[PDB]
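One structure below.
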Amino acid sequence: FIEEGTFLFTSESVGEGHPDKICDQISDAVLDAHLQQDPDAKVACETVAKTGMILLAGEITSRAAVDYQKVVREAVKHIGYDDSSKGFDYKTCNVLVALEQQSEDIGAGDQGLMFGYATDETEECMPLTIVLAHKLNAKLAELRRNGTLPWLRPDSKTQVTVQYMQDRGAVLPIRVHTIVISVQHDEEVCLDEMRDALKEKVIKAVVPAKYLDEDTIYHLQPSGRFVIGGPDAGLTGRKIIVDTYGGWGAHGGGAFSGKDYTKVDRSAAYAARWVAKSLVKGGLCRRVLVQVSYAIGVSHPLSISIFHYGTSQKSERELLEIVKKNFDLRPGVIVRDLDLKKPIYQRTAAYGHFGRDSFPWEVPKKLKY
Amino acid sequence: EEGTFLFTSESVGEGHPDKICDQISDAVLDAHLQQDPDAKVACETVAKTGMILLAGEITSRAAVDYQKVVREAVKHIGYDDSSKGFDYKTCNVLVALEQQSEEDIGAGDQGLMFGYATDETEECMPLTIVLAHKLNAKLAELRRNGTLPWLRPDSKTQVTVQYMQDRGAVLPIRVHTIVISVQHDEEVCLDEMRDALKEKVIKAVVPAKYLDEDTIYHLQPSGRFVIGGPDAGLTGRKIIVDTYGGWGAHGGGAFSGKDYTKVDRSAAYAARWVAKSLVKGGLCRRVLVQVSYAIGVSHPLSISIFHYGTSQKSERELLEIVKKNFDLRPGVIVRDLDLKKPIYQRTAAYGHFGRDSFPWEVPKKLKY
Ligand SMILES: CN(C)CCc1nnc2cc(-c3ccccc3)c3cc(Cl)ccc3n12
Ligand SMILES: CN(C)CCc1nnc2cc(-c3ccccc3)c3cc(Cl)ccc3n12
């Protein structure tokens with residue numbers, strides 16, 4: 001009756017050097033550049049990355065004077081692409097700019113639906129699957145940049161499958177079932193050396209030992225040689241599940257990067273996460289989903305909906321009343337509460353927008369009820 | 001009403017900049033498959049003010065006129081004059097496509113995909129997303145037959161349904177709120193549009209039993225909507241619209257512009273196939289199926305099933321049934337669902353799921 005009560009679930013993450021994530025980071029690098037000069041800048045910056053080319057497309061209303069060449073190349077440099085042998089060089093890439101730039105009860109800028117989610121299974125109130133997947137990429141980047149593993153290159157993908165049990169609506173991670181790691185590398189290091197390092201210096205430095213056992217399946221560099229990576233074009237907003245909960249909770253479809261606070265796709269999703277995390281940390285539930293919806297002409301949310309998966313003694317109707325007395329989810333109010341005019345967005349564009357307590361929406365609000 | 005909840009899904013029309021890109025990408029995919037069934041295609045489209053950009057990689061024996069494909073797609077969508085904000089005759093098309101010239105084959109990538117099905121509609125789909133899609137389809141229908149000649153291709157719809165649930169089964173009670181925004185010419189007045197949207201669109205799509213006098217209508221809520229179409233549109237930026245409207249789950253992979261060798265598409269189609277087969281087979285009322293792959297590996301890394309409590313059989317038992325009836329290796333999925341056919345442009349608007357003309361929407365008869 002053991003394997004009848006357990007289930008597997010998988011989440012993935014990608015490194016800074018993955019073509020899609022390159023675009024997210026560049027898009028938010030542009031957003032930050034504008035906000036540093038003009039806190040009220042309106043930005044919708046889409047980035048396309050392909051073989052020796054970065055294209056910026058979208059609309060900007062800003063007083064800022066932004067050197068897009070410098071912004072893009074410094075972003076690519078920071079990511080780690082500085083030579084043709086790595087498949088991409090910030091010094092020589094073609095940068096094409098196609099941005100049309102112009103100089104509290106406000107209606108939503110669009111329509112749409114957004115979700116926030118939280119779970120007590122980790123201290124950061126995030127699913128273990130997506131937390132581990134992210135941290136594997138962060139470790140890779142760390143070991144690349146300090147020279148511990150100098151053969152590493154920026155592009156990578158990780159995938160973590162966790163064995164779960166459910167406990168009265170709450171989910172409880174038992175063990176890591178399967179781990180996948182594929183990462184770009186130079187032409188010198190051999191497969192064996194890489195696979196040993198990925199297990200001992202990456203996986204074992206990231207995953208708590210209690211989740212690993214002798215049955216855990218490792219797929220390390222499963223395709224083999226991975227010398228040329230980075231920019232099949234990458235596009236901004238093509239990793240939105242990686243950006244959020246790794247498949248847990250729910251998603252309304254809106255991408256985050258390249259968008260300023262007036263885009264409810266971003267601000268309302270941050271706020272919804274804020275609500276969800278505040279509820280769980282507040283001890284009101286162990287696990288919770290929050291949906292918000294807007295109309296392009298209306299300031300107040302069209303609907304606010306709450307699912308606590310049965311992990312609360314309070315009803316969802318009751319939780320909604322608590323949320324309404326503690327939160328104002330109008331776009332113009334979210335900005336003030338979460339201080340969203342700060343140039344803080346490039347840091348969100350890799351390793352997930354949620355689960356890191358340096359972000360305002362990751363600091364639980366003390367609830368009054 | 002402690003047991004009721006609201007849930008909202010949205011859809012967009014063919015003229016929405018993101019969906020324009022999805023359609024173009026799949027028009028390109030189809031063009032190759034029509035000449036070369038074994039074509040490898042990864043086509044990304046970018047659409048902005050007077051410009052369509054194609055970027056990606058193609059391995060094909062086909063000789064494809066990308067100019068004709070793109071412009072004919074834009075024409076079909078309905079953008080044929082500058083007064084509409086976009087004209088297939090004059091748009092700038094930039095092509096940056098690099099073109100190059102069994103059952104146990106490894107996955108082309110890694111990733112996770114979900115399939116979902118629910119017995120709340122005949123098409124085994126959530127009511128919210130079915131209605132949202134069908135509202136946009138009705139708009140295009142009435143635009144193209146000339147019933148509402150003031151209509152233009154760009155549109156967005158949003159449907160909020162009031163639900164009840166019984167141990168995981170979801171029971172739609174009524175439509176709570178409907179939002180419709182649609183592009184239009186400079187002549188027709190707002191009142192004429194709003195009354196038409198209610199009487200000729202909404203009442204023609206939504207079952208009367210779901211509508212009452214408390215239903216909230218937001219028709220042309222932003223007002224004047226003359227300029228629509230190409231904020232740039234991008235391929236793969238409407239993946240929740242493409243699937244279940246927020247229900248079930250999503251692994252993050254976009255569909256359009258990708259050939260069948262991309263598990264992001266083929267395995268998501270297969271998972272829907274599995275899920276719909278289970279519900280239509282009477283094994284559950286509602287079900288979520290996750291599958292995951294690793295690059296280079298043929299068999300799924302994991303297959304996982306959540307029936308939300310809507311089956312008397314356990315999920316382990318449902319898994320036993322799935323494994324005995326389905327082979328979820330990438331190379332076998334292609335053969336079972338006939339995925340080398342140029343059928344993909346048809347998927348790129350109004351949702352990939354819930355329409356029975358697609359192979360993954362024909363339930364497999366289960367043996368167990
Ligand atoms: C008794 N039985 C073993 C319990 C199994 C169980 N209990 N709670 C959940 C939640 C999800 C889930 C749903 C949506 C999104 C993410 C995860 C889930 C998903 C999958 Cl594929 C399989 C099982 C799942 N599950
Ligand atoms: C007794 N109480 C009224 C029950 C409420 C309820 N019962 N089943 C579901 C499922 C979802 C759901 C989850 C994930 C995706 C889609 C829908 C959901 C979502 C929201 Cl925002 C609110 C409530 C939801 N729900």
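Simple scheme: letters A, B, ... for chains in structure tokens order, numbers from 1 for residues in each chain, numbers from 1 for ligands in the order shown.
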
Can you list, as an MDAnalysis selection string, every protein, DNA or RNA residue that comes within 12 Å of residue B:317 when you count only C-alpha atoms, leaving out same-chain residues fewer than 5 positions away?
(chainID A and resid 3:5) or (chainID B and resid 278 283:284 304:307 311:312 322:324 368)

May I have the residues from that selection written out with C-alpha atoms, as an mmCIF file, in the first residue's frame?
```cif
data_model
loop_
_atom_site.group_PDB
_atom_site.id
_atom_site.type_symbol
_atom_site.label_atom_id
_atom_site.label_comp_id
_atom_site.auth_asym_id
_atom_site.auth_seq_id
_atom_site.Cartn_x
_atom_site.Cartn_y
_atom_site.Cartn_z
ATOM 1 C CA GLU A 3 3.397 2.726 -3.812
ATOM 2 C CA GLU A 4 -0.349 3.422 -3.938
ATOM 3 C CA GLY A 5 0.072 6.481 -1.752
ATOM 4 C CA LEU B 278 -9.462 7.637 -19.712
ATOM 5 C CA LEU B 283 -12.397 5.242 -15.903
ATOM 6 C CA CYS B 284 -12.525 8.690 -14.311
ATOM 7 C CA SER B 304 2.325 10.309 -13.394
ATOM 8 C CA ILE B 305 -1.466 10.407 -13.000
ATOM 9 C CA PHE B 306 -3.782 12.530 -10.842
ATOM 10 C CA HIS B 307 -7.508 11.742 -10.991
ATOM 11 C CA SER B 311 -12.198 7.378 -9.922
ATOM 12 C CA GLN B 312 -12.880 4.348 -7.754
ATOM 13 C CA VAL B 322 -2.094 3.431 -19.412
ATOM 14 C CA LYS B 323 1.150 1.452 -19.734
ATOM 15 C CA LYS B 324 -0.696 -1.533 -21.169
ATOM 16 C CA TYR B 368 -7.582 -3.980 -19.368
#
```

Could you go through stretch 97-333 of chain A and tell me which residues DSSP, when run on the backbone, assigns to alpha helix (DSSP H), listing them as number ranges by chain?
A: 128-145, 191-197, 204-206, 264-281, 316-326, 331-333

Can you work out which residues are within 7 Å of ligand 1, considering only C-alpha atoms and all ligand atoms, and then hand them over as a PyMOL selection string?
(chain A and resi 4-9+165-166+169+171+247-250) or (chain B and resi 248-249+288-290+304-306+315)

Restricting the output to C-alpha atoms, write the selected residues as a CSV table (one decimal), in the first residue's frame.
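To be explicit, this is the file written out as again-v9.csv:
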```
chain,number,residue,atom,x,y,z
A,4,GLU,CA,-0.3,3.4,-3.9
A,5,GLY,CA,0.1,6.5,-1.8
A,6,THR,CA,3.1,7.9,-3.6
A,7,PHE,CA,3.5,9.8,-6.8
A,8,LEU,CA,6.3,11.2,-9.0
A,9,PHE,CA,6.4,14.8,-10.1
A,165,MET,CA,3.2,11.5,-0.8
A,166,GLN,CA,0.1,13.6,-0.1
A,169,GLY,CA,-4.1,18.1,0.8
A,171,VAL,CA,2.3,17.3,-0.4
A,247,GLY,CA,4.3,23.0,-13.1
A,248,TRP,CA,2.7,23.2,-9.6
A,249,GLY,CA,-0.2,25.5,-8.8
A,250,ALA,CA,-1.4,27.1,-12.0
B,248,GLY,CA,-4.8,20.9,-15.3
B,249,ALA,CA,-1.2,21.9,-15.6
B,288,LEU,CA,-4.1,15.0,-15.2
B,289,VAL,CA,-1.3,13.1,-16.8
B,290,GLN,CA,2.4,14.1,-16.5
B,304,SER,CA,2.3,10.3,-13.4
B,305,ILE,CA,-1.5,10.4,-13.0
B,306,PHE,CA,-3.8,12.5,-10.8
B,315,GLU,CA,-4.0,6.2,-9.8
```

Closest atom pairs, residues of chain B within 8 Å of chain A, only C-alpha atoms, as JSON lines:
```
{"residue": "B:2", "atom": "CA", "partner": "A:317", "partner_atom": "CA", "distance": 6.5}
{"residue": "B:5", "atom": "CA", "partner": "A:305", "partner_atom": "CA", "distance": 6.9}
{"residue": "B:6", "atom": "CA", "partner": "A:305", "partner_atom": "CA", "distance": 6.3}
{"residue": "B:7", "atom": "CA", "partner": "A:305", "partner_atom": "CA", "distance": 7.1}
{"residue": "B:8", "atom": "CA", "partner": "A:113", "partner_atom": "CA", "distance": 7.0}
{"residue": "B:9", "atom": "CA", "partner": "A:113", "partner_atom": "CA", "distance": 7.1}
{"residue": "B:10", "atom": "CA", "partner": "A:112", "partner_atom": "CA", "distance": 6.8}
{"residue": "B:42", "atom": "CA", "partner": "A:232", "partner_atom": "CA", "distance": 5.9}
{"residue": "B:43", "atom": "CA", "partner": "A:232", "partner_atom": "CA", "distance": 7.4}
{"residue": "B:44", "atom": "CA", "partner": "A:233", "partner_atom": "CA", "distance": 6.8}
{"residue": "B:48", "atom": "CA", "partner": "A:58", "partner_atom": "CA", "distance": 7.4}
{"residue": "B:55", "atom": "CA", "partner": "A:233", "partner_atom": "CA", "distance": 6.1}
{"residue": "B:56", "atom": "CA", "partner": "A:232", "partner_atom": "CA", "distance": 4.1}
{"residue": "B:57", "atom": "CA", "partner": "A:232", "partner_atom": "CA", "distance": 5.0}
{"residue": "B:110", "atom": "CA", "partner": "A:159", "partner_atom": "CA", "distance": 7.7}
{"residue": "B:111", "atom": "CA", "partner": "A:12", "partner_atom": "CA", "distance": 6.7}
{"residue": "B:112", "atom": "CA", "partner": "A:10", "partner_atom": "CA", "distance": 6.8}
{"residue": "B:158", "atom": "CA", "partner": "A:112", "partner_atom": "CA", "distance": 7.6}
{"residue": "B:179", "atom": "CA", "partner": "A:295", "partner_atom": "CA", "distance": 7.3}
{"residue": "B:221", "atom": "CA", "partner": "A:297", "partner_atom": "CA", "distance": 5.3}
{"residue": "B:222", "atom": "CA", "partner": "A:297", "partner_atom": "CA", "distance": 5.0}
{"residue": "B:231", "atom": "CA", "partner": "A:58", "partner_atom": "CA", "distance": 4.3}
{"residue": "B:232", "atom": "CA", "partner": "A:58", "partner_atom": "CA", "distance": 5.1}
{"residue": "B:234", "atom": "CA", "partner": "A:235", "partner_atom": "CA", "distance": 7.8}
{"residue": "B:236", "atom": "CA", "partner": "A:238", "partner_atom": "CA", "distance": 6.8}
{"residue": "B:237", "atom": "CA", "partner": "A:237", "partner_atom": "CA", "distance": 6.8}
{"residue": "B:238", "atom": "CA", "partner": "A:253", "partner_atom": "CA", "distance": 6.2}
{"residue": "B:239", "atom": "CA", "partner": "A:253", "partner_atom": "CA", "distance": 6.3}
{"residue": "B:240", "atom": "CA", "partner": "A:253", "partner_atom": "CA", "distance": 5.1}
{"residue": "B:241", "atom": "CA", "partner": "A:253", "partner_atom": "CA", "distance": 7.4}
{"residue": "B:245", "atom": "CA", "partner": "A:252", "partner_atom": "CA", "distance": 7.4}
{"residue": "B:246", "atom": "CA", "partner": "A:252", "partner_atom": "CA", "distance": 5.6}
{"residue": "B:247", "atom": "CA", "partner": "A:250", "partner_atom": "CA", "distance": 7.3}
{"residue": "B:248", "atom": "CA", "partner": "A:250", "partner_atom": "CA", "distance": 7.7}
{"residue": "B:249", "atom": "CA", "partner": "A:247", "partner_atom": "CA", "distance": 6.1}
{"residue": "B:250", "atom": "CA", "partner": "A:247", "partner_atom": "CA", "distance": 5.8}
{"residue": "B:251", "atom": "CA", "partner": "A:247", "partner_atom": "CA", "distance": 5.7}
{"residue": "B:252", "atom": "CA", "partner": "A:241", "partner_atom": "CA", "distance": 5.0}
{"residue": "B:253", "atom": "CA", "partner": "A:238", "partner_atom": "CA", "distance": 7.5}
{"residue": "B:254", "atom": "CA", "partner": "A:238", "partner_atom": "CA", "distance": 7.4}
{"residue": "B:290", "atom": "CA", "partner": "A:9", "partner_atom": "CA", "distance": 7.6}
{"residue": "B:292", "atom": "CA", "partner": "A:10", "partner_atom": "CA", "distance": 6.9}
{"residue": "B:294", "atom": "CA", "partner": "A:180", "partner_atom": "CA", "distance": 6.8}
{"residue": "B:295", "atom": "CA", "partner": "A:223", "partner_atom": "CA", "distance": 5.8}
{"residue": "B:296", "atom": "CA", "partner": "A:223", "partner_atom": "CA", "distance": 4.9}
{"residue": "B:297", "atom": "CA", "partner": "A:222", "partner_atom": "CA", "distance": 7.5}
{"residue": "B:301", "atom": "CA", "partner": "A:178", "partner_atom": "CA", "distance": 7.6}
{"residue": "B:302", "atom": "CA", "partner": "A:8", "partner_atom": "CA", "distance": 7.1}
{"residue": "B:303", "atom": "CA", "partner": "A:8", "partner_atom": "CA", "distance": 7.7}
{"residue": "B:304", "atom": "CA", "partner": "A:8", "partner_atom": "CA", "distance": 6.0}
{"residue": "B:305", "atom": "CA", "partner": "A:7", "partner_atom": "CA", "distance": 7.9}
{"residue": "B:314", "atom": "CA", "partner": "A:4", "partner_atom": "CA", "distance": 7.2}
{"residue": "B:315", "atom": "CA", "partner": "A:4", "partner_atom": "CA", "distance": 7.4}
{"residue": "B:316", "atom": "CA", "partner": "A:4", "partner_atom": "CA", "distance": 5.8}
```

I'd like the contact shell of stretch 227-230 of chain B - 7 Å cut-off, only C-alpha atoms, skipping same-chain residues fewer than 3 positions apart - returned as a PyMOL selection string.
chain B and resi 15-17+47-49+84-86+154+183+233

Residues near stretch 170-176 of chain B, anyone? I mean within 8 Å using only C-alpha atoms, not counting same-chain ones fewer than 6 positions away, as a list in words.
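What passes the distance filter is residues 6, 118, 120, 127, 159, 160, 161, 162, 163, 164, 209, 210, 211, 212, 214, 215 and 216 of chain B.
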
Output N, CA, C and O atoms for every residue in that selection, as a CSV table (one decimal), in the first residue's frame.
```csv
chain,number,residue,atom,x,y,z
B,6,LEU,N,-15.4,30.7,-8.4
B,6,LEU,CA,-15.3,31.2,-9.7
B,6,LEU,C,-14.0,30.8,-10.3
B,6,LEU,O,-13.0,30.6,-9.6
B,118,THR,N,-11.7,16.5,-18.7
B,118,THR,CA,-12.7,16.7,-17.7
B,118,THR,C,-14.1,16.5,-18.3
B,118,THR,O,-14.3,16.9,-19.5
B,120,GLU,N,-16.9,17.7,-17.9
B,120,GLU,CA,-17.9,18.7,-17.8
B,120,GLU,C,-18.4,19.2,-19.1
B,120,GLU,O,-19.4,19.9,-19.2
B,127,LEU,N,-15.2,24.1,-19.3
B,127,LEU,CA,-16.2,25.0,-19.9
B,127,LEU,C,-15.7,26.4,-20.2
B,127,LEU,O,-16.1,27.0,-21.2
B,159,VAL,N,-13.9,34.4,-20.1
B,159,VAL,CA,-15.1,33.8,-19.5
B,159,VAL,C,-14.9,33.3,-18.1
B,159,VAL,O,-14.1,32.5,-17.8
B,160,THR,N,-15.7,33.9,-17.1
B,160,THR,CA,-15.7,33.4,-15.8
B,160,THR,C,-16.9,32.6,-15.5
B,160,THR,O,-18.0,33.0,-15.6
B,161,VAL,N,-16.7,31.3,-15.1
B,161,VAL,CA,-17.8,30.4,-14.8
B,161,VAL,C,-17.9,30.1,-13.3
B,161,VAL,O,-16.8,30.0,-12.6
B,162,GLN,N,-19.1,30.1,-12.8
B,162,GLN,CA,-19.4,29.7,-11.4
B,162,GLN,C,-19.5,28.2,-11.3
B,162,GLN,O,-20.3,27.6,-11.9
B,163,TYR,N,-18.6,27.6,-10.5
B,163,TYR,CA,-18.5,26.1,-10.4
B,163,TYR,C,-18.9,25.6,-9.0
B,163,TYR,O,-18.8,26.3,-8.0
B,164,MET,N,-19.3,24.3,-9.0
B,164,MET,CA,-19.3,23.5,-7.8
B,164,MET,C,-18.5,22.3,-8.1
B,164,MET,O,-18.2,21.9,-9.3
B,209,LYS,N,-29.0,27.8,-20.6
B,209,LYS,CA,-29.1,27.4,-19.2
B,209,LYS,C,-27.9,27.9,-18.4
B,209,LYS,O,-28.0,28.0,-17.2
B,210,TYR,N,-26.9,28.4,-19.0
B,210,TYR,CA,-25.7,29.0,-18.3
B,210,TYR,C,-25.8,30.5,-18.2
B,210,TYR,O,-25.0,31.1,-17.5
B,211,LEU,N,-26.8,31.1,-18.9
B,211,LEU,CA,-27.0,32.5,-18.8
B,211,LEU,C,-28.2,32.9,-18.0
B,211,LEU,O,-29.3,32.3,-18.2
B,212,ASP,N,-28.1,34.0,-17.2
B,212,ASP,CA,-29.2,34.5,-16.5
B,212,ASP,C,-29.0,36.0,-16.4
B,212,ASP,O,-28.1,36.6,-16.9
B,214,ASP,N,-28.2,37.9,-14.0
B,214,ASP,CA,-27.1,38.3,-13.1
B,214,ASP,C,-25.7,38.3,-13.8
B,214,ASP,O,-24.8,38.8,-13.3
B,215,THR,N,-25.7,37.6,-14.9
B,215,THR,CA,-24.4,37.4,-15.7
B,215,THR,C,-23.9,38.8,-16.1
B,215,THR,O,-24.6,39.7,-16.6
B,216,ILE,N,-22.6,39.0,-15.8
B,216,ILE,CA,-22.0,40.3,-16.0
B,216,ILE,C,-21.3,40.4,-17.4
B,216,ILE,O,-20.5,39.5,-17.8
```

Å distance separating atom CA of residue A:116 from atom CA of residue B:1, one decimal place
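For atom CA of residue A:116 relative to atom CA of residue B:1, the distance reads 23.5 Å.
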
Write out as a PDB file with N, CA and C atoms, in the first residue's frame each polymer residue whose atoms come within 6 Å of stretch 64-80 of chain A, counting only C-alpha atoms; drop sequence neighbours fewer than 5 positions from it.
```
ATOM      1  N   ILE A  26      18.135  39.830 -20.953  1.00  0.00           N
ATOM      2  CA  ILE A  26      18.371  41.027 -21.752  1.00  0.00           C
ATOM      3  C   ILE A  26      17.162  41.956 -21.672  1.00  0.00           C
ATOM      4  N   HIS A  34      16.162  51.544 -18.003  1.00  0.00           N
ATOM      5  CA  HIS A  34      15.186  52.622 -18.081  1.00  0.00           C
ATOM      6  C   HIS A  34      14.739  53.082 -16.696  1.00  0.00           C
ATOM      7  N   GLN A  37      16.835  55.484 -14.612  1.00  0.00           N
ATOM      8  CA  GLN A  37      16.781  56.900 -14.966  1.00  0.00           C
ATOM      9  C   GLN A  37      15.363  57.439 -14.846  1.00  0.00           C
ATOM     10  N   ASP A  38      14.395  56.599 -15.196  1.00  0.00           N
ATOM     11  CA  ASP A  38      12.992  56.993 -15.195  1.00  0.00           C
ATOM     12  C   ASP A  38      12.139  55.916 -14.536  1.00  0.00           C
ATOM     13  N   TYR A  90      29.930  38.542 -26.966  1.00  0.00           N
ATOM     14  CA  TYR A  90      29.326  39.852 -26.748  1.00  0.00           C
ATOM     15  C   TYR A  90      30.052  40.942 -27.538  1.00  0.00           C
ATOM     16  N   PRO A 154      28.100  28.614 -20.331  1.00  0.00           N
ATOM     17  CA  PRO A 154      26.866  29.166 -19.743  1.00  0.00           C
ATOM     18  C   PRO A 154      25.570  28.360 -19.937  1.00  0.00           C
TER      19      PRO A 154
END
```

Which is closer to residue B:195 than all the others in B:177, B:310, B:220, B:69, using only C-alpha atoms?
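Answer, going by the shortest atom-to-atom distance: B:220.
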